Amino acid sequence: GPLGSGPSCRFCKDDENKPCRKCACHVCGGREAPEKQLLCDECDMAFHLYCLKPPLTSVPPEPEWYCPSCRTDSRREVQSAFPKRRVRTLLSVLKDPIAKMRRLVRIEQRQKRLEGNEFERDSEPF
Ligand SMILES: [Zn+2]
Ligand SMILES: [Zn+2]
Ligand SMILES: [Zn+2]
């Protein structure tokens, strides 16, 4: 059967007016509540509080959060005992048109340049 076409994003290229796994929820590939999704700290990808995890329905109080694969893949060894900040969320990013476009262009370029690195990987783009 035929494939979809339209104005294309640069990490999923499906449609800029539609939700994706990297534009919206990485776990359902959609958007419904843009005020109940978490962001990784390595990928900055969205994750519904009710798609990403079965137990809790609310965002943690801690200083950093990465996707459940990244958090299992030894990126940090332990939970934090000091509240330096709270984790990143769409209720913060998606609730601002600049934080939206910054996470969608600025972050997408951060990872997409690393996927085809022109120099050593410690290039400090952020
Ligand atoms: Zn996309
Ligand atoms: Zn979802
Ligand atoms: Zn991640």
# chains A, B, ... in the order shown; residues from 1 in each chain; ligands from 1
>>> residues_near_ligand(ligand="ligand 2", cutoff="6 Å", atoms="only C-alpha atoms and all ligand atoms", output="list in words")
residues 25, 27, 28, 30, 48 and 51 of chain A
>>> residues_near_ligand(ligand="ligand 1", cutoff="8 Å", atoms="only C-alpha atoms and all ligand atoms", output="mmCIF file with C-alpha atoms, in the first residue's frame")
data_model
loop_
_atom_site.group_PDB
_atom_site.id
_atom_site.type_symbol
_atom_site.label_atom_id
_atom_site.label_comp_id
_atom_site.auth_asym_id
_atom_site.auth_seq_id
_atom_site.Cartn_x
_atom_site.Cartn_y
_atom_site.Cartn_z
ATOM 1 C CA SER A 8 8.323 16.687 6.972
ATOM 2 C CA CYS A 9 10.101 16.766 10.362
ATOM 3 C CA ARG A 10 13.868 15.819 10.362
ATOM 4 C CA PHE A 11 14.024 12.859 12.755
ATOM 5 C CA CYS A 12 10.755 11.030 11.740
ATOM 6 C CA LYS A 13 9.772 12.853 8.435
ATOM 7 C CA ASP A 14 6.077 11.749 8.517
ATOM 8 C CA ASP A 15 4.142 15.047 8.946
ATOM 9 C CA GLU A 16 4.912 18.211 11.031
ATOM 10 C CA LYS A 18 0.856 15.050 13.080
ATOM 11 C CA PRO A 19 2.257 13.511 16.332
ATOM 12 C CA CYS A 20 5.187 11.015 16.123
ATOM 13 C CA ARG A 21 7.365 8.951 18.557
ATOM 14 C CA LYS A 22 10.021 11.756 18.648
ATOM 15 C CA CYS A 23 7.668 14.734 18.061
ATOM 16 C CA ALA A 24 5.129 13.398 20.679
#
>>> atom_distance(atom1="CA of residue 103 (chain A)", atom2="CA of residue 88 (chain A)")
11.1 Å
>>> atom_distance(atom1="CA of residue 70 (chain A)", atom2="CA of residue 38 (chain A)")
13.5 Å
>>> closest_residue(among="A:46, A:33, A:86, A:52", to="residue 64 (chain A)", atoms="only C-alpha atoms")
A:86
>>> residues_around(residues="residue 109 (chain A)", least_positions_apart="4", cutoff="12 Å", atoms="only C-alpha atoms", output="NGL selection string")
:A and (9-11 or 43-44 or 101-105 or 113-117 or 125-126)
>>> write_last_selection(atoms="N, CA and C atoms", output="PDB file, in the first residue's frame")
ATOM      1  N   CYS A   9       9.142  16.608   9.274  1.00  0.00           N
ATOM      2  CA  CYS A   9      10.101  16.766  10.362  1.00  0.00           C
ATOM      3  C   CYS A   9      11.444  16.111   9.954  1.00  0.00           C
ATOM      4  N   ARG A  10      12.507  16.247  10.758  1.00  0.00           N
ATOM      5  CA  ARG A  10      13.868  15.819  10.362  1.00  0.00           C
ATOM      6  C   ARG A  10      14.418  14.605  11.078  1.00  0.00           C
ATOM      7  N   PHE A  11      13.676  14.095  12.049  1.00  0.00           N
ATOM      8  CA  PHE A  11      14.024  12.859  12.755  1.00  0.00           C
ATOM      9  C   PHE A  11      12.991  11.728  12.574  1.00  0.00           C
ATOM     10  N   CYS A  43      17.764  12.255  25.348  1.00  0.00           N
ATOM     11  CA  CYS A  43      17.052  12.262  24.070  1.00  0.00           C
ATOM     12  C   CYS A  43      16.075  13.462  23.931  1.00  0.00           C
ATOM     13  N   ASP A  44      15.539  13.958  25.055  1.00  0.00           N
ATOM     14  CA  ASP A  44      14.443  14.941  25.138  1.00  0.00           C
ATOM     15  C   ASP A  44      13.187  14.547  24.342  1.00  0.00           C
ATOM     16  N   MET A 101       9.336  24.594  19.993  1.00  0.00           N
ATOM     17  CA  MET A 101      10.145  24.693  18.773  1.00  0.00           C
ATOM     18  C   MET A 101      11.630  24.489  19.066  1.00  0.00           C
ATOM     19  N   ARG A 102      12.096  24.884  20.251  1.00  0.00           N
ATOM     20  CA  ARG A 102      13.458  24.681  20.714  1.00  0.00           C
ATOM     21  C   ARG A 102      13.698  23.189  20.891  1.00  0.00           C
ATOM     22  N   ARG A 103      12.876  22.479  21.665  1.00  0.00           N
ATOM     23  CA  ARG A 103      13.006  21.017  21.766  1.00  0.00           C
ATOM     24  C   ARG A 103      12.832  20.281  20.430  1.00  0.00           C
ATOM     25  N   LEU A 104      12.090  20.839  19.477  1.00  0.00           N
ATOM     26  CA  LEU A 104      11.848  20.167  18.200  1.00  0.00           C
ATOM     27  C   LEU A 104      12.896  20.432  17.124  1.00  0.00           C
ATOM     28  N   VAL A 105      13.529  21.603  17.135  1.00  0.00           N
ATOM     29  CA  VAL A 105      14.606  21.973  16.208  1.00  0.00           C
ATOM     30  C   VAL A 105      15.973  21.846  16.866  1.00  0.00           C
ATOM     31  N   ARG A 113      23.026  15.561  14.525  1.00  0.00           N
ATOM     32  CA  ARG A 113      24.465  15.804  14.288  1.00  0.00           C
ATOM     33  C   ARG A 113      25.353  14.750  14.948  1.00  0.00           C
ATOM     34  N   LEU A 114      24.971  14.235  16.119  1.00  0.00           N
ATOM     35  CA  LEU A 114      25.693  13.151  16.807  1.00  0.00           C
ATOM     36  C   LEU A 114      25.568  11.811  16.048  1.00  0.00           C
ATOM     37  N   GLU A 115      24.426  11.570  15.393  1.00  0.00           N
ATOM     38  CA  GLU A 115      24.176  10.396  14.534  1.00  0.00           C
ATOM     39  C   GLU A 115      25.073  10.345  13.274  1.00  0.00           C
ATOM     40  N   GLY A 116      25.721  11.460  12.919  1.00  0.00           N
ATOM     41  CA  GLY A 116      26.674  11.593  11.810  1.00  0.00           C
ATOM     42  C   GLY A 116      27.815  12.553  12.163  1.00  0.00           C
ATOM     43  N   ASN A 117      28.463  12.319  13.310  1.00  0.00           N
ATOM     44  CA  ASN A 117      29.420  13.239  13.934  1.00  0.00           C
ATOM     45  C   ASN A 117      30.589  13.653  13.014  1.00  0.00           C
ATOM     46  N   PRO A 125      27.762  20.764  21.991  1.00  0.00           N
ATOM     47  CA  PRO A 125      26.780  21.544  21.224  1.00  0.00           C
ATOM     48  C   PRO A 125      25.770  22.306  22.107  1.00  0.00           C
ATOM     49  N   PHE A 126      25.544  21.839  23.344  1.00  0.00           N
ATOM     50  CA  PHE A 126      24.671  22.433  24.374  1.00  0.00           C
ATOM     51  C   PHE A 126      25.501  22.961  25.564  1.00  0.00           C
TER      52      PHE A 126
END
>>> residues_around(residues="residue 76 (chain A)", least_positions_apart="4", cutoff="10 Å", atoms="only C-alpha atoms", output="list in words")
residues 64, 65, 66, 70, 71, 72 and 80 of chain A
>>> write_last_selection(atoms="C-alpha atoms", output="mmCIF file, in the first residue's frame")
data_model
loop_
_atom_site.group_PDB
_atom_site.id
_atom_site.type_symbol
_atom_site.label_atom_id
_atom_site.label_comp_id
_atom_site.auth_asym_id
_atom_site.auth_seq_id
_atom_site.Cartn_x
_atom_site.Cartn_y
_atom_site.Cartn_z
ATOM 1 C CA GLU A 64 16.998 14.222 36.310
ATOM 2 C CA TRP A 65 14.956 11.641 34.291
ATOM 3 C CA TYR A 66 15.871 9.578 31.149
ATOM 4 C CA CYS A 70 18.254 4.890 29.085
ATOM 5 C CA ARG A 71 17.621 4.706 32.901
ATOM 6 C CA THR A 72 18.211 0.888 32.772
ATOM 7 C CA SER A 80 19.228 11.477 44.136
#
>>> select_by_dssp(residues="region 13-88 of chain A", states="alpha helix (DSSP H)", output="PDB file with N, CA and C atoms, in the first residue's frame")
ATOM      1  N   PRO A  68      12.921   4.884  30.056  1.00  0.00           N
ATOM      2  CA  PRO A  68      13.120   3.670  30.855  1.00  0.00           C
ATOM      3  C   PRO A  68      14.249   2.768  30.329  1.00  0.00           C
ATOM      4  N   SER A  69      14.501   2.761  29.017  1.00  0.00           N
ATOM      5  CA  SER A  69      15.670   2.092  28.431  1.00  0.00           C
ATOM      6  C   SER A  69      16.989   2.770  28.825  1.00  0.00           C
ATOM      7  N   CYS A  70      17.087   4.099  28.701  1.00  0.00           N
ATOM      8  CA  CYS A  70      18.254   4.890  29.085  1.00  0.00           C
ATOM      9  C   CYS A  70      18.562   4.779  30.597  1.00  0.00           C
ATOM     10  N   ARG A  71      17.519   4.831  31.437  1.00  0.00           N
ATOM     11  CA  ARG A  71      17.621   4.706  32.901  1.00  0.00           C
ATOM     12  C   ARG A  71      18.066   3.303  33.331  1.00  0.00           C
ATOM     13  N   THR A  72      17.739   2.269  32.551  1.00  0.00           N
ATOM     14  CA  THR A  72      18.211   0.888  32.772  1.00  0.00           C
ATOM     15  C   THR A  72      19.618   0.666  32.199  1.00  0.00           C
TER      16      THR A  72
END
>>> closest_residue(among="A:118, A:35, A:62, A:73", to="ligand 3", atoms="only C-alpha atoms and all ligand atoms")
A:73
>>> atom_distance(atom1="CA of residue 87 (chain A)", atom2="CA of residue 59 (chain A)")
7.6 Å
>>> select_by_dssp(residues="chain A", states="strand (DSSP E or B)", output="JSON, numbers by chain")
{"A": [25, 37, 38, 39, 46, 47, 48, 89]}
>>> closest_residue(among="A:78, A:56, A:40, A:99", to="ligand 3", atoms="only C-alpha atoms and all ligand atoms")
A:40
>>> closest_residue(among="A:75, A:49, A:97, A:6", to="ligand 3", atoms="only C-alpha atoms and all ligand atoms")
A:75
>>> closest_residue(among="A:111, A:79, A:92, A:58", to="ligand 3", atoms="only C-alpha atoms and all ligand atoms")
A:111
>>> closest_residue(among="A:45, A:1, A:54, A:106", to="ligand 3", atoms="only C-alpha atoms and all ligand atoms")
A:45
